[PDB]
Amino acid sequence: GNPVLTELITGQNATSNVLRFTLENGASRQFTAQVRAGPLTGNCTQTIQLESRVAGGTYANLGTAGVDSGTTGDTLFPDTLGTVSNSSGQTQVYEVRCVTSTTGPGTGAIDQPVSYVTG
C-alpha cells in the first residue's frame, strides 16, 4: 500500500523536498508538478523540471520540463509530468524531486495552493 506523496513548490528558483518510495521490479510510477507565479514584475521565463534517481545515485531529468515566458502583469503557469520505472530485477528505493528556475529580470509571487509536486 504505497501512499501518494505530495510536496510544495516554494519558489521560482528552488528545489523541492524529496519524494522517496519503493518500486517493485516491472512497476512504474507517474509524477506531476506545476507552479503558478505572478503577476510578473518584468520579463520572466519559468522552468519546472522533475528529477529522479535510484537512492544514492545521481539525479537526472525525469520527463520534459515545463517552460513558460511572459512579461509585466502576466502569470506564468507551467506544468510537467514524468514516470519512474524499475526493470532492475528487484525492488528498489527511488527518489524524486522538483527543481524550478527562471531567466529574466522579473519575478512573480507563488500561488501556493496550486504549486506542488505529487504522485
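Counting begins at 1, following the sequence as shown.
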Checklist entry - Which has the higher mean CA temperature factor in the PDB entry, 109 to 117 or 2 to 10? => result 2 to 10
Checklist outcome for this item: Higher avg CA temperature factor (24 to 32 vs 42 to 50, as deposited) belongs to 24 to 32
Item to check | Highest-ranked of 60, 84, 65, 37 once sorted by CA temperature factor in the record | outcome: 84
Checklist entry - By the record's CA B-factor, is residue 71 among the lowest, middle or highest third of residues in the chain? => result lowest
